[PDB]
$ cat model31.csv   # CSV, C-alpha atoms and all ligand atoms
chain,number,residue,atom,x,y,z
A,1,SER,CA,15.0,-3.1,54.0
A,2,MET,CA,12.7,-5.8,52.6
A,3,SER,CA,9.0,-4.6,53.2
A,4,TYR,CA,8.5,-2.0,50.4
A,5,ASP,CA,12.0,-2.7,48.9
A,6,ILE,CA,12.1,-0.5,45.8
A,7,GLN,CA,14.8,-2.7,44.2
A,8,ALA,CA,13.0,-6.1,44.6
A,9,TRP,CA,11.3,-5.8,41.2
A,10,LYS,CA,14.7,-6.4,39.5
A,11,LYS,CA,15.1,-10.0,40.7
A,12,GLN,CA,11.3,-10.6,40.3
A,13,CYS,CA,11.6,-9.6,36.6
A,14,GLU,CA,14.8,-11.7,36.1
A,15,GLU,CA,12.8,-14.7,37.4
A,16,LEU,CA,9.8,-13.9,35.2
A,17,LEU,CA,12.1,-13.7,32.1
A,18,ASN,CA,13.5,-17.1,33.1
A,19,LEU,CA,10.0,-18.6,33.1
A,20,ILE,CA,9.2,-16.9,29.8
A,21,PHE,CA,12.4,-18.3,28.1
A,22,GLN,CA,11.2,-21.8,29.3
A,23,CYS,CA,7.8,-21.4,27.7
A,24,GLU,CA,7.6,-23.1,24.2
A,25,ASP,CA,5.3,-20.2,23.3
A,26,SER,CA,8.2,-17.7,23.6
A,27,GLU,CA,10.3,-19.5,20.9
A,28,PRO,CA,9.4,-17.0,18.1
A,29,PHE,CA,10.1,-14.0,20.4
A,30,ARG,CA,13.5,-15.0,22.1
A,31,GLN,CA,15.7,-13.2,19.6
A,32,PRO,CA,15.3,-10.3,17.2
A,33,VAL,CA,13.4,-11.0,13.9
A,34,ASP,CA,16.1,-11.7,11.3
A,35,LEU,CA,15.8,-8.3,9.5
A,36,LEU,CA,18.5,-9.2,6.9
A,37,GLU,CA,16.6,-12.5,6.2
A,38,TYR,CA,13.0,-11.0,6.4
A,39,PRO,CA,13.4,-7.3,5.2
A,40,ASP,CA,9.6,-6.7,4.9
A,41,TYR,CA,9.4,-6.8,8.7
A,42,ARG,CA,10.6,-3.2,8.9
A,43,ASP,CA,8.0,-2.0,6.4
A,44,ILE,CA,5.4,-3.0,9.0
A,45,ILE,CA,7.2,-2.7,12.4
A,46,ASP,CA,8.8,0.6,13.5
A,47,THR,CA,10.4,-0.6,16.8
A,48,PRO,CA,11.5,-4.3,16.9
A,49,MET,CA,11.7,-5.9,20.4
A,50,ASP,CA,12.4,-9.3,21.7
A,51,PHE,CA,13.0,-11.0,25.1
A,52,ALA,CA,16.8,-11.3,24.7
A,53,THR,CA,17.0,-7.5,24.3
A,54,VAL,CA,14.7,-7.1,27.3
A,55,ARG,CA,16.8,-9.5,29.4
A,56,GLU,CA,20.0,-7.6,28.5
A,57,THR,CA,18.6,-4.2,29.1
A,58,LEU,CA,17.6,-5.3,32.6
A,59,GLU,CA,20.9,-7.0,33.2
A,60,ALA,CA,22.7,-3.7,32.2
A,61,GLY,CA,20.6,-1.7,34.8
A,62,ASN,CA,18.9,0.3,32.0
A,63,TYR,CA,15.3,0.0,33.2
A,64,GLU,CA,14.4,2.7,35.8
A,65,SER,CA,11.3,0.8,36.9
A,66,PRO,CA,9.3,-2.4,36.2
A,67,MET,CA,6.9,-0.2,34.2
A,68,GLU,CA,9.7,0.5,31.7
A,69,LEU,CA,10.4,-3.2,31.4
A,70,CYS,CA,6.7,-3.9,31.0
A,71,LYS,CA,6.5,-1.3,28.2
A,72,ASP,CA,9.2,-3.1,26.2
A,73,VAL,CA,7.6,-6.5,26.8
A,74,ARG,CA,4.2,-5.2,25.6
A,75,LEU,CA,5.9,-3.9,22.5
A,76,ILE,CA,6.9,-7.6,21.7
A,77,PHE,CA,3.2,-8.5,21.8
A,78,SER,CA,1.9,-5.5,19.9
A,79,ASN,CA,4.5,-6.0,17.3
A,80,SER,CA,3.4,-9.6,16.9
A,81,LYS,CA,-0.3,-8.6,16.6
A,82,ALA,CA,0.6,-6.1,13.9
A,83,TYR,CA,2.8,-8.4,11.9
A,84,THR,CA,0.6,-11.5,12.4
A,85,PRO,CA,-2.9,-10.1,12.7
A,86,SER,CA,-5.0,-13.3,11.9
A,87,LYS,CA,-6.8,-15.1,14.8
A,88,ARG,CA,-6.4,-18.3,12.7
A,89,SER,CA,-2.6,-18.2,12.8
A,90,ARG,CA,-0.9,-20.5,15.3
A,91,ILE,CA,1.7,-17.8,15.9
A,92,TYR,CA,-1.1,-15.3,16.8
A,93,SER,CA,-2.4,-17.9,19.4
A,94,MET,CA,1.1,-18.4,20.7
A,95,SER,CA,1.6,-14.7,21.2
A,96,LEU,CA,-1.9,-14.4,22.8
A,97,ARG,CA,-1.2,-17.2,25.4
A,98,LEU,CA,2.3,-15.8,26.3
A,99,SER,CA,1.0,-12.3,26.6
A,100,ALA,CA,-1.7,-13.5,29.1
A,101,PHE,CA,0.9,-15.4,31.0
A,102,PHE,CA,3.2,-12.3,31.2
A,103,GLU,CA,0.3,-10.0,32.2
A,104,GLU,CA,-0.8,-12.4,35.0
A,105,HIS,CA,2.7,-12.6,36.6
A,106,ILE,CA,3.8,-8.9,36.0
A,107,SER,CA,0.6,-7.7,37.9
A,108,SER,CA,2.0,-8.2,41.4
A,109,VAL,CA,5.4,-6.9,40.5
A,110,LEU,CA,3.9,-3.6,39.4
A,111,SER,CA,1.4,-3.3,42.2
A,112,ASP,CA,4.0,-4.0,44.9
A,113,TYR,CA,6.5,-1.5,43.3
A,114,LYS,CA,3.8,1.2,43.1
A,115,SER,CA,2.7,0.6,46.7
A,116,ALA,CA,6.4,0.9,47.8
A,117,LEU,CA,6.6,4.2,45.9
A,118,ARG,CA,3.4,5.5,47.7
A,119,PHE,CA,4.8,4.4,51.1
A,120,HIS,CA,8.3,6.0,50.7
A,121,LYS,CA,6.8,9.2,49.2
A,122,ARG,CA,4.2,9.4,52.0
A,123,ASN,CA,7.0,9.0,54.6
B,201,LIG,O1,6.8,-12.2,14.4
B,201,LIG,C1,7.5,-13.3,14.5
B,201,LIG,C2,8.5,-13.4,15.6
B,201,LIG,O2,9.5,-14.3,15.2
B,201,LIG,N1,7.3,-14.3,13.7
B,201,LIG,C3,6.6,-14.3,12.4
B,201,LIG,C4,7.5,-14.6,11.3
B,201,LIG,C5,7.4,-15.9,10.6
B,201,LIG,CL1,6.3,-17.1,11.1
B,201,LIG,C6,8.3,-16.2,9.5
B,201,LIG,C7,9.2,-15.3,9.1
B,201,LIG,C8,9.3,-14.0,9.7
B,201,LIG,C9,8.4,-13.7,10.8
B,201,LIG,CL2,8.6,-12.2,11.6
$ encode --input "model31.csv" --output "structure tokens" --more "lines below"
Ligand SMILES: O=C(CO)NCc1c(Cl)cccc1Cl
Amino acid sequence: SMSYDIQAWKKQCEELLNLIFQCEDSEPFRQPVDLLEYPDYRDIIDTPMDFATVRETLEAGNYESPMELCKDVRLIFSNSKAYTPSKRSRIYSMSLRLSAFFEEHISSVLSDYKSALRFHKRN
């Protein structure tokens, strides 16, 4: 029921995305890059991603695991590092801080989920 609950990650991720939306550091990443306004973005970035898209994919039940959610969120950060590569850019620093925040908080979500999988597969 609650120990090793394989669905608990969904609400944990919803809560984490809420905190992320509150962070001033997420401001550049809350919505898709305006591709019609900044067309050179697609010359550099193959797969755009943003937190509004992640939040909707989760809400729609279209992540099979928190690892799938984590893959999309990491893509937000790898896309920022590719488009904005300079350590001097304040946007780089923003992305860096928010990535560290995300990775800190997602850690337990993943480890708990994977432990639950080990438990149910074992038994
Ligand atoms: O990568 C991002 C996410 O919003 N921002 C960099 C950016 C700037 Cl500062 C200005 C115009 C376009 C873009 Cl993509």
$ closest_residue --input "model31.csv" --among "A:46, A:15, A:37, A:24" --to "residue 58 in chain A" --atoms "all atoms listed in the file"
A:15
$ residues_near_ligand --input "model31.csv" --ligand "ligand LIG 201 (chain B)" --cutoff "7 Å" --atoms "only C-alpha atoms and all ligand atoms" --output "PyMOL selection string"
chain A and resi 28-29+33+38+41+80+83-84+91
$ closest_residue --input "model31.csv" --among "A:98, A:35, A:2, A:73" --to "residue 52 in chain A" --atoms "all atoms listed in the file"
A:73
$ residues_around --input "model31.csv" --residues "residue 10 in chain A" --least-positions-apart "5" --cutoff "12 Å" --atoms "only C-alpha atoms" --output "JSON, numbers by chain"
{"A": [5, 15, 16, 17, 55, 57, 58, 59, 60, 61, 62, 63, 64, 65, 66, 67, 68, 69, 70, 106, 109, 110, 113]}
$ atom_distance --input "model31.csv" --atom1 "CA of residue 77 in chain A" --atom2 "CA of residue 7 in chain A"
25.9 Å
$ atom_distance --input "model31.csv" --atom1 "CA of residue 21 in chain A" --atom2 "CA of residue 6 in chain A"
25.1 Å
$ closest_residue --input "model31.csv" --among "A:112, A:90, A:4, A:47" --to "residue 78 in chain A" --atoms "all atoms listed in the file"
A:47
$ atom_distance --input "model31.csv" --atom1 "CA of residue 97 in chain A" --atom2 "CA of residue 19 in chain A"
13.7 Å
$ closest_residue --input "model31.csv" --among "A:82, A:117, A:20, A:54" --to "residue 102 in chain A" --atoms "only C-alpha atoms"
A:20
$ build_atoms --input "model31.csv" --residues "range 4-27 of chain A" --atoms "N, CA, C and O atoms" --output "mmCIF file, keeping the file's coordinate frame"
data_model
loop_
_atom_site.group_PDB
_atom_site.id
_atom_site.type_symbol
_atom_site.label_atom_id
_atom_site.label_comp_id
_atom_site.auth_asym_id
_atom_site.auth_seq_id
_atom_site.Cartn_x
_atom_site.Cartn_y
_atom_site.Cartn_z
ATOM 1 N N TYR A 4 8.412 -3.181 51.276
ATOM 2 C CA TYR A 4 8.500 -2.000 50.400
ATOM 3 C C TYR A 4 9.848 -1.716 49.767
ATOM 4 O O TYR A 4 10.170 -0.559 49.475
ATOM 5 N N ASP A 5 10.640 -2.767 49.549
ATOM 6 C CA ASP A 5 12.000 -2.700 48.900
ATOM 7 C C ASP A 5 11.759 -2.198 47.481
ATOM 8 O O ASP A 5 11.154 -2.902 46.689
ATOM 9 N N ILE A 6 12.264 -1.016 47.147
ATOM 10 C CA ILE A 6 12.100 -0.500 45.800
ATOM 11 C C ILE A 6 12.992 -1.114 44.735
ATOM 12 O O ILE A 6 12.879 -0.752 43.550
ATOM 13 N N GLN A 7 13.905 -2.005 45.137
ATOM 14 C CA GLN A 7 14.800 -2.700 44.200
ATOM 15 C C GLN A 7 14.367 -4.188 43.930
ATOM 16 O O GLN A 7 14.935 -4.839 43.042
ATOM 17 N N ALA A 8 13.391 -4.692 44.693
ATOM 18 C CA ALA A 8 13.000 -6.100 44.600
ATOM 19 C C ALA A 8 12.441 -6.510 43.258
ATOM 20 O O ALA A 8 12.561 -7.662 42.893
ATOM 21 N N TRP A 9 11.868 -5.555 42.527
ATOM 22 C CA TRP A 9 11.300 -5.800 41.200
ATOM 23 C C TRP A 9 12.394 -6.380 40.209
ATOM 24 O O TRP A 9 12.071 -7.170 39.312
ATOM 25 N N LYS A 10 13.646 -5.974 40.387
ATOM 26 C CA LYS A 10 14.700 -6.400 39.500
ATOM 27 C C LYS A 10 14.862 -7.907 39.437
ATOM 28 O O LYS A 10 14.801 -8.540 38.362
ATOM 29 N N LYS A 11 15.016 -8.508 40.615
ATOM 30 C CA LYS A 11 15.100 -10.000 40.700
ATOM 31 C C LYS A 11 13.784 -10.664 40.311
ATOM 32 O O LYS A 11 13.816 -11.715 39.658
ATOM 33 N N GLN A 12 12.645 -10.078 40.674
ATOM 34 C CA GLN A 12 11.300 -10.600 40.300
ATOM 35 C C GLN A 12 11.214 -10.676 38.747
ATOM 36 O O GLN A 12 10.753 -11.684 38.211
ATOM 37 N N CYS A 13 11.665 -9.618 38.069
ATOM 38 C CA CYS A 13 11.600 -9.600 36.600
ATOM 39 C C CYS A 13 12.645 -10.551 35.971
ATOM 40 O O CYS A 13 12.333 -11.158 34.934
ATOM 41 N N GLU A 14 13.820 -10.704 36.580
ATOM 42 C CA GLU A 14 14.800 -11.700 36.100
ATOM 43 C C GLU A 14 14.170 -13.112 36.168
ATOM 44 O O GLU A 14 14.269 -13.911 35.237
ATOM 45 N N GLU A 15 13.502 -13.410 37.273
ATOM 46 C CA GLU A 15 12.800 -14.700 37.400
ATOM 47 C C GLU A 15 11.716 -14.913 36.424
ATOM 48 O O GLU A 15 11.600 -15.998 35.831
ATOM 49 N N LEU A 16 10.899 -13.884 36.211
ATOM 50 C CA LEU A 16 9.800 -13.900 35.200
ATOM 51 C C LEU A 16 10.362 -14.169 33.788
ATOM 52 O O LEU A 16 9.824 -14.997 33.080
ATOM 53 N N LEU A 17 11.427 -13.463 33.395
ATOM 54 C CA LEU A 17 12.100 -13.700 32.100
ATOM 55 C C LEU A 17 12.599 -15.134 31.949
ATOM 56 O O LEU A 17 12.487 -15.724 30.890
ATOM 57 N N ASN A 18 13.131 -15.703 33.033
ATOM 58 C CA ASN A 18 13.500 -17.100 33.100
ATOM 59 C C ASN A 18 12.382 -18.047 32.738
ATOM 60 O O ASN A 18 12.496 -18.880 31.839
ATOM 61 N N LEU A 19 11.248 -17.873 33.419
ATOM 62 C CA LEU A 19 10.000 -18.600 33.100
ATOM 63 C C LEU A 19 9.585 -18.475 31.638
ATOM 64 O O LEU A 19 9.186 -19.445 30.993
ATOM 65 N N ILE A 20 9.593 -17.231 31.162
ATOM 66 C CA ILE A 20 9.200 -16.900 29.800
ATOM 67 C C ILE A 20 10.126 -17.667 28.779
ATOM 68 O O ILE A 20 9.630 -18.276 27.829
ATOM 69 N N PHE A 21 11.444 -17.616 28.988
ATOM 70 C CA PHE A 21 12.400 -18.300 28.100
ATOM 71 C C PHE A 21 12.117 -19.856 28.103
ATOM 72 O O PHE A 21 12.308 -20.516 27.076
ATOM 73 N N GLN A 22 11.624 -20.396 29.214
ATOM 74 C CA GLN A 22 11.200 -21.800 29.300
ATOM 75 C C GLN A 22 9.982 -22.157 28.500
ATOM 76 O O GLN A 22 9.836 -23.293 28.053
ATOM 77 N N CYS A 23 9.069 -21.203 28.362
ATOM 78 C CA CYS A 23 7.800 -21.400 27.700
ATOM 79 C C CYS A 23 8.035 -21.715 26.195
ATOM 80 O O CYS A 23 8.692 -20.912 25.527
ATOM 81 N N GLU A 24 7.521 -22.836 25.686
ATOM 82 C CA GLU A 24 7.600 -23.100 24.200
ATOM 83 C C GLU A 24 6.974 -21.973 23.428
ATOM 84 O O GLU A 24 7.417 -21.674 22.307
ATOM 85 N N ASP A 25 5.959 -21.315 23.995
ATOM 86 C CA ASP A 25 5.300 -20.200 23.300
ATOM 87 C C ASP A 25 6.169 -18.983 23.084
ATOM 88 O O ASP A 25 5.833 -18.163 22.253
ATOM 89 N N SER A 26 7.266 -18.845 23.828
ATOM 90 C CA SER A 26 8.200 -17.700 23.600
ATOM 91 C C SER A 26 9.179 -17.949 22.444
ATOM 92 O O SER A 26 9.850 -16.982 22.051
ATOM 93 N N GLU A 27 9.270 -19.169 21.907
ATOM 94 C CA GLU A 27 10.300 -19.500 20.900
ATOM 95 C C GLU A 27 10.403 -18.455 19.761
ATOM 96 O O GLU A 27 11.528 -18.012 19.468
#
